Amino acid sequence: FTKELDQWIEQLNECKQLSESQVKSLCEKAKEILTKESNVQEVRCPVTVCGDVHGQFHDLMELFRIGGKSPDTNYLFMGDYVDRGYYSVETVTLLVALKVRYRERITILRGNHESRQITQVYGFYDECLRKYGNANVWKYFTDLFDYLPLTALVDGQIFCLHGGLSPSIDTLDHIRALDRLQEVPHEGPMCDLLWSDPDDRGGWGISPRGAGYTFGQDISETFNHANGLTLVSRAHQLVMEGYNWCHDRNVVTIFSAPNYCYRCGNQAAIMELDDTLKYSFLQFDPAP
C-alpha cells in the first residue's frame, strides 16, 4: 500500500487525476488519520506555513519549487484548496494524498471552502462532474473535510487558522471544546474561525462577507496575551504583496494563490518557520 501511495503521488504531480475508485480509498484512510487530530493541532517547527491555493495547481507546483519538495520540507496549509481555480480536483487530491503518505510532514487545516454549500457555488462541485461523470468524488471529499482540524498551534506560540477570531471564543480550550465533525455552521465559533477578517477599526464589527466578524487590534492583543501566543497566522484574504502584517504584528495574513482567479495580479507568499520559530517570507509570482 505504500508503493501505491507513491504512484498516486507521482501521477498527481503530472496533473493527472486519480480514479473515483482510488479517491474513495484515499479519502477513507485520510479520515482515519484526520480523526485522531485535535481541533487545535500541535505542530512543531521547523515548518512552512501556507495560505490559500484554490485549485491553482501549477502555482502549487511553483510553491514546491520555492519551499522545497515534500517530505524533505515540512508544510502546514491553512485551507481553501478548492474553488475558483481550474484544477480543484488535482490540487486537493495531491495534498490529501500527501497527508496520508506523510502524516508528520504535512498538516492541512480547513478553510471556509472545504464545505458543501460553497463548493456548489464556486467550482469544485461542477468540476468533479466534468471529470468523473457523477457526484461521488465530491461526496468522498466534502465528507473528508468534516475531519479537517479547525486550527493548529505551532510550538505553542504561533496560532494558525484559516479565517480569524470569534466573539464566542476566548481561549484555545474553548476551541478544543467545539465539535468540528460536521458541515460548517452558518453562525457561531466554528463558523467565525473560518470566516472572520482582521480589521483596522477597533473591537468587533460587521463583516462585509456576510459571515463571521471583523476584529481590530485590541481584540487580537487580548487573544494573544490570554493564550500565550506571539502571533496569529491566517489566510482567507487576498493580499497583493503576497503576505501582510497588521495589528502591530499580532496578526499576519498569508495568501498562496498568486494572481487570484487569474485576474487579480497579486503575488503569493509562504512563511518559513525555522528550527528556532524564526520567521522569513517567500514572495512569488505565478509559475509560467
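Each form is matched to the other, and the largest set of C-alpha atoms that superpose within 1.5 Å is called the rigid core. From 1 onward, residues are counted along the sequence shown.
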### Task
May I ask which stretch, 84-92 or 180-188, sits farther from the shown form in 5 other deposited structures of this protein once every structure is superposed on the core, judging by RMS CA distance?
84-92
### Query
Averaged over C-alpha atoms, is the B-factor higher for 243-251 or for 26-34 in this PDB entry?
26-34
## Note on the structure
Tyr87: CA temperature factor from the record, placed by chain third, in the middle
### Task
Divide the modelled residues of the chain into thirds by Cα B-factor and specify which third, lowest, middle or highest, holds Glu221.
middle
### Summary
For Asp179, the third of its chain by CA B-factor is the highest
### Task
Please rank the C-alpha B-factors of the chain's modelled residues and tell me whether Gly210 sits in the lowest, middle or highest third.
middle
### Ranked C-alpha temperature factor of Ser196 among modelled chain residues, by third
lowest
